[PDB]
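Worksheet: the structure to be examined is printed underneath.
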Amino acid sequence: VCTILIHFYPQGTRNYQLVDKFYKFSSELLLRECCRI
Amino acid sequence: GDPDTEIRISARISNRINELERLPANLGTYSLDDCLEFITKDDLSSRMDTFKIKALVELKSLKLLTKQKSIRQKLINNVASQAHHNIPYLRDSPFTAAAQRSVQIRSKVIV
């Protein structure tokens, strides 16, 4: 879904950077706590 | 007064100054309320400096002490220096009114 929303918008819109930040936050959230588990 | 127990106060303030001046400058908080902001890899949370401001208000308030002393002297030595024109129950007494009246007596003209 993040690659789809990156390719959908141009590189300068705010919904490009929000999807980038959301990917960073959620990938960080899912890399940890499966290391604990 | 009593400059025995004046130095024992002015040696506790140098303690606090030379204890606050050994904190690291890269001091920062982490409150329990940053979880509601979803800080990314580089996002710059807005409650990072709630201890370093507080650790400078003390360190600069304990160096501006002999400035507020010099402002309090100029306040008290110009409020208490009148003391008989602003306070109502002092400028209505017999003796104060008689003294202020008697200082204004113009000298007698001989002939």
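Note: ideal-geometry Cβ built from the backbone for every residue, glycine included; neighbour counts use all protein chains shown. Laboratory data are not the source of any read-out in this text; all were calculated from the coordinates shown.
Details
- Within segment B:77-97, the set of residues being in a helix (DSSP H, G or I), surrounded by 10 or more Cβ atoms within 10 Å (Cβ to Cβ) and among the hydrophobic types (A, V, I, L, M, F, W, C) comprises B:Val79, B:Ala97.
- Residues that are assigned to a helix (DSSP H, G or I), loosely packed, with under 10 Cβ neighbours inside 10 Å and more than 14 Å from chain A (Cβ to nearest Cβ) within segment B:9-43 comprise B:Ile9, B:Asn15, B:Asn18, listed in sequence order.
- Qualifying residue in segment B:44-55 (condition: surrounded by fewer than 10 Cβ atoms within 10 Å (Cβ to Cβ), away from every other protein chain (no Cβ under 14 Å) and among the charged types (D, E, K, R)): no
- Flag for B:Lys69 being charged (D, E, K, R), under 30 Å from A:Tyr23 (Cα atoms) and without any contact (Cβ under 8 Å) to a residue 60 or more places away in the chain: no
- Single residue of segment A:4-26 satisfying the filter (within 10 Å of another protein chain (Cβ to nearest Cβ) and not charged (D, E, K, R)) that is surrounded by the fewest Cβ atoms within 10 Å (Cβ to Cβ): A:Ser26
- Pairs where the first residue, in segment B:15-34, is charged (D, E, K, R) and the second is in a loop (DSSP other than H, G, I, E, B), C-beta under 7 Å, 6+ apart: B:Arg16/B:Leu62; B:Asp33/B:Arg47; B:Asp34/B:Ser45; B:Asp34/B:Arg47
- Inside segment A:2-20, residues that are in a helix (DSSP H, G or I) and closer than 23 Å to B:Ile39 by Cβ make up a count of 10.
- Condition met for B:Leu36 (farther than 27 Å from B:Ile17 by Cα, hydrophobic (A, V, I, L, M, F, W, C) and in contact with a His (Cβ under 7 Å, 6 or more places away or on another chain)): no
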